[PDB]
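Residue numbers (our numbering), protein chains in the order written: chain X, 106 to 204; chain G, 727 to 782; chain E, 569 to 1171; chain A, 2 to 460; chain Z, 109 to 282. From the three backbone atoms N, C-alpha and C, an ideal C-beta is built for every residue, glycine too. Since the structure comes first, as structure tokens, the remarks are kept for the end.
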Ligand SMILES: CCCCCCCCCCCCCCCCCC(=O)OC[C@H](COP(=O)([O-])OCC(O)COP(=O)([O-])OC[C@@H](COC(=O)CCCCCCCCCCCCCCCCC)OC(=O)CCCCCCCCCCCCCCCCC)OC(=O)CCCCCCCCCCCCCCCCC
Ligand SMILES: CCCCCCCC/C=C/CCCCCCCC(=O)OC[C@H](COP(=O)(O)OCCN)OC(=O)CCCCCCC/C=C/CCCCCCCC
């Protein structure tokens, strides 16, 4: 040997001391409460509440607003014989081309 | 007893009070950008009889 | 409201219900298989009702119930297309699955995970229903990949069997090449039509081009095991017999044919793709029948028969007869499922023996499975008034009377003869003659489950063709006038195959020995295709994956160019800079040189 | 954004003041609460971004990345408490402190409104990562891995700093809004070519780009489980986010300068999939899968179409979740047998059923299986590349086939077959490990249910 | 139904032929429809009646947001950040509205094809022409702007198109 080194320790098994071990901590009470808080908060709170919150987030992307606006424009334009899609985005009168 | 509980579980309010302080600081940052309030061409409107500002 | 949509969606939902109950005490008990079978029976009847509604007034619908997402100008929604194809294929698949589930209740009694087996069968059924009723390409792809992975999971049922694992992975590989074709077609359709739904695709593609149609053809070939991509279907016989009976032969290998049927307007518009389809189907049916006529594993024989029937369906599509292809799909489902069930009963009664060389005497040993297998073989070869007559005879008549490829026509006729030949081979080596099995006779087929399932699939193999053909509306112009010898071509070639194969099988009784021929070796060894194509390309790819990519490039040259060369240069420069003897004479002479240079060169 | 920044800076003193046995419980609970709070950022506008102040802003590209980071922190805490049982209290607290600092830097990185503040934060993320790797790694190669990671990233990023200060001197501002509104075309000259190269090369090294990727296998294999989780899930997404941000000012030069990078990305995607086919180490297999997926994202960003950007964002989120799950599963196996070789342990399906289920689900998501967000992103990228050119479909199809091959090969090797006879220390799966896998997998399926939340601003 | 606008979403009048049976055999479809009405339709109608009664007691309303017009990027001066911001937001809203217009036209096309069934090639030519025109205009407006599209880029594209049209007109007149 070239050093005074400790022997490599044996693997420590949580099931030996605690048959009903959740694998969080050595202390049974701390391990049980760690499991309870992780499961409760993560699954219940985050998963369920965040999923339903995201599902019922208000339509701030204006998807339904845009659909209603398009319905109104289509109705007005096809009632008056105008093209449904305008040919130009801007006004050529307000655009001044170089000579 | 109860004293040992607070002695050990006084740290669980740190994150909630940090969240409250963060909300307060967000409001403070918002209140300094009130330069175009009720002045944008798109959202300019007359004030209601019993309101001072359009938004806070 | 019209019950049509309600009843169709209800059948789909009640199919999905028993999966929800897989986290319950009923799933922990032994009542789950019977529960699932009862659910499938109820779904079958509830799907029979809309079939009656359609066959009266020809009612068809599309249901865009849920809107998924809008990619700017493209809207993707959960839409189901309940048309003739869907309302005619759902009851048939449910009937076959009901019979297979009862047979699997009898057959998988000793399996510790029979509940998981039934859950997996139901999941495959759900994915197949999604595929069939899909109205848009994305939902169709969902069903496509779902049946692919369920096939992967059910083929490798015995996880400890390396052959099962190889079969599962091989099936995945071929279906992924098919998915390459599918994704090509999806991308082209979206790019050039701004749509992923059949309505707008058909509206905008008045002349569908070669690129999308060839993508679809490649996907169909991969999923339906055409030539080039065929070996995975015979190799899929590693799974339990219920898996082979339900999944592969009956309802899943018809996925590619169904995909090509659903695009029959575009296929009609194009012609080169039709020619390619016809040629591929012809070579597939011929090659698979030729391999079949000389196999000794009964499951392998039935798998090759399934491949040959799929090739015949692809031939039917290529001659521009999409509806005959669907009719043959239904008839083949019936009698091929019954044939697989009969072979499974034979295998189970003979203690997991799958060799016709060790079967024998079963004509009298097992009466009911014998009569069922004889009826199924008669239906397969086109007995003049059974279930397979109302599709195969029309297909042959259409092939002979159309402007087709001469070689494709010849291969189709030869394939019909070889179909008769291998059905005779199965009957002769399995039921006729003296026993060849071990003396301990455990032959027993008196289980009510087995008898009832085979009975239900046996009625369809006799009468279902007549009812189905007489109730559907006329969707094609009949070939009323044709020469007598062309009218009788199918029967003549079938009888010639019967006679020639029977004589060649009778010559096996003589006390004469002769070594195998080159043609025999080519036929028995699957045309040498699995050997070469599974040893050469895989070896080269796996060799370049390590010799070239990992070793030559990653571990050697990409290390040498950037990080190693720079580090070596910096180390050398550091040694040069720091290797000083600490002599004031030397570095003061250096100071003098620096002073001279700064004076002269800097002005 | 302070309502999310300050709770992390309060996670710091809470972790350092909590009792010796309550550190994991407190850190996990409050990290989950912070993730719940950060879920509120997904409510974005259709017109512009969420401009909180002069310093932090949120967009449809930043919001999912922030949610992913905040959700990823507690999972790293669970894995760490798995493998750090015998550590001293001070070193446990230092480990949690490094994780918290990394999360804070990532949050401010994704929410920064200036390119220079973004640079400072995204370079500050290196220090906690390097300390974690080179301090709590298991094997000898952790030191070399840290050196490779650090010097690759810095050699990439220093020319980016020079280019950013040059651009500020030239235009007057590095604010993203200003440079988007006051953008001007980039003329085809050598100076513009080299500015383009500086910025793009920084983020390409961060991606990584094929040929610039060796640090990724080195670092991901040799880092502890938390380091591997954060490196693949989030730290690879800084390059994609930066490229999606800076390419505003690099047009029209991107049309001409993207050819070498597109060719490198496509061919290297094929090459890294093939490498995955013949890997003797599980962690290396996962790392090269990460390289392949990020090469696909690079292709999407370079072709730069509205359909490609949505695919890029969706694929980034999906890959983050999937790679984190795969690393966790491999780490559980390693904790069983204390080795990373793939063929050492087999039959783990007959020894551990539920872990076999988790492996099946993770491997199914690793390949593009519909309707998963992995497939959604990959399909959008493939469609945009098809509109770009019609042989990209050939390359993408080859990549998909090889991806399925190596994913199912890994599953079959590790799970199926017969168990190794002499390995008799494979204890039943822990509730902690099962909960970790569930927390990895369930949000992915929920995202599949609601896909418009991760498709970026171009949706 | 009053849920949607019939003019925006047209439906041809429905012509259902009257039944003309020629056999004394009972109709299984008729019997099953009667069963479906008795067992399903009546209970679901009662449930919906109860739900709608409960809704009518809490009747409240929501409104549709109206944006007044603002000057566009043509009117905005060079590097006038506020006017540029207003014009860019307006252009983005117009882009969304145009996308929804194209979506409506595509829905018309799909529904008409499905409704016509086997005679769709001839009976859906009217909706195919409208879709062709709308898609052509939308493509010319927003065809190749890129991932970082902006009102300035759309204006530059329109200027290029106007210059090309002017040059073509001059060449034709020459
Ligand atoms: C590059 C070429 C590409 C070709 C592409 C095209 C391919 C076309 C294929 C044609 C069909 C081939 C059939 C045999 C293949 C398999 C051979 C084999 O090993 O079988 C053993 C196998 C028995 O397996 P086993 O029980 O394990 O026993 C092992 C053997 O004992 C082991 O003993 P063995 O090894 O001696 O057994 C084999 C031996 C015995 O088998 C036979 O004799 C089979 C004969 C089949 C019938 C052929 C004549 C048909 C005549 C029809 C007449 C009517 C026409 C219609 C018109 C009527 C009105 C005018 O066969 C031969 O020696 C050759 C047979 C003919 C080969 C044809 C292909 C030629 C390839 C190139 C030339 C090679 C030459 C050298 C050979 C190798 C070196 C020595 O046979 C069977 O199970 C049944 C055999 C076939 C029965 C059906 C026959 C009828 C259907 C096909 C013919 C067409 C009929 C008309 C259709 C409609 C037209 C409109
Ligand atoms: C689109 C690009 C792809 C085009 C085709 C490229 C093929 C690349 C081959 C894949 C590389 C192989 C890597 C590892 C694969 C899996 C491992 C493996 O090799 O297992 C071999 C496995 C087991 O061998 P068994 O025969 O079952 O024997 C079992 C004994 N107990 O067999 C296989 O799966 C081999 C599959 C390789 C297929 C190679 C040929 C594929 C054919 C492609 C050409 C056909 C084109 C079709 C034209 C259609 C016309 C529309």
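From the DSSP output, in three-state form, read off residue 1081/E for me.
coil
Exposed or buried, residue 832/G, counting other C-beta atoms within 10 Å across all chains shown (16 or more means buried)?
No answer is possible for residue 832/G: the residues shown for chain G start at 727 and end at 782.
Are the stretch 980-1000 of chain E and the stretch 860-872 of chain E in contact at 8 Å, needing three or more beta carbon pairs?
yes
Quick one: Cα of residue 50/A to Cα of residue 63/A, how far?
10 Å
What is the rounded straight-line gap between the Cα of residue 45/A and the Cα of residue 642/E?
21 Å
Return yes when the C-beta of residue 789/E is under 7 Å from any heavy atom of ligand 2, and no when it is not.
yes
Ordered along the chain, which non-local residues of its own chain (more than five positions away) have a Cβ less than 8 Å from that of residue 573/E?
629, 631 and 650
Do residue 190/X and residue 206/Z have their C-beta atoms within less than 8 Å of each other?
yes
Given this structure, state the Cα-to-Cα distance separating residue 732/E from residue 403/A, to the nearest angstrom.
20 Å
Per DSSP, the bridge partner or partners of residue 634/E
646/E
Closer than 7 Å to a non-hydrogen atom of ligand 1 - does that hold for the CB of residue 925/E?
no
Along the stretch 241-275 of chain Z, what residues have a CB closer than 9 Å to any CB found in chain X?
241, 242, 243, 244, 245, 246, 248, 249, 250, 259, 262, 263, 265, 266, 267, 269, 270, 271 and 274
Interface partners of residue 617/E on chain Z, CB under 7 Å
140
Between the stretch 146-156 of chain A and the stretch 172-186 of chain A, do at least 3 Cβ pairs fall closer than 8 Å?
no
Leaving aside the five residues before and after residue 93/A along the sequence, list all residues of the same chain whose C-beta is less than 7 Å from its C-beta, in chain order.
24 and 85
Within the present structure, is the beta-carbon of residue 1173/E separated from the nearest heavy atom of ligand 2 by less than 7 Å?
Not covered by the structure: residue 1173/E. The range shown for chain E is 569 to 1171.
Just checking: is the beta-carbon of residue 107/X within a distance shorter than 8 Å of some beta-carbon in chain A?
no
Listing by chain order, which chain E residues have their CB less than 8 Å from the CB of residue 214/Z?
641, 643, 762, 763 and 768
Mapping DSSP to helix, strand and coil, what is residue 235/Z?
helix
Please state whether the Cβ-Cβ distance between residue 1118/E and residue 279/A is less than 8 Å.
yes
Return the first residue and the last residue of the alpha helix (DSSP H) that residue 194/Z is part of.
189-224
Relative to ligand 1, is the shortest distance from any of its heavy atoms to the C-beta of residue 991/E smaller than 7 Å?
no
Pull the bridge partners of residue 115/A from the DSSP assignment, please.
176/A
From residue 627/E to residue 664/E, what does the alpha carbon distance come to, in whole angstroms?
24 Å
C-beta neighbour in chain X for residue 26/A, strict 8 Å
yes
Who are the neighbours of residue 305/A on chain Z, taking C-beta pairs under 9 Å?
254, 255 and 256
Excluding sequence positions up to five away, which residues of its chain have a Cβ less than 8 Å from the Cβ of residue 936/E?
1013, 1019 and 1022
Can you check whether the CB of residue 239/Z is closer than 8 Å to the CB of residue 213/Z?
yes
Can you list, in chain order, the residues of its chain whose CB lies under 6 Å from that of residue 1065/E, leaving out five sequence neighbours each side?
985, 988 and 989
Own chain partners of residue 4/A with C-beta closer than 8 Å, once the 5 adjacent residues on each side are dropped
38
Relative to chain A, which residues along the stretch 112-130 of chain X have a C-beta separation below 9 Å, given in chain order?
114, 116, 117, 118, 119, 120, 126, 127, 128, 129 and 130
Proximity below 8 Å, CB of residue 146/A to CB of residue 220/A
yes
Skipping 5 residues on each side, what residues in its chain have a beta carbon closer than 8 Å to that of residue 325/A?
73, 76, 230, 233, 234 and 441
Under 7 Å, CB to CB, which of the residues in the stretch 109-138 of chain Z have a partner in chain E?
136 and 137
Per the contact definition of three or more C-beta pairs closer than 8 Å, is the stretch 285-299 of chain A in contact with the stretch 430-446 of chain A?
no
Just list the alpha helix (DSSP H) runs in the stretch 921-991 of chain E, keeping only unbroken ones of 4 residues or longer that don't cross its boundaries, in chain order.
930-933, 935-948 and 957-968
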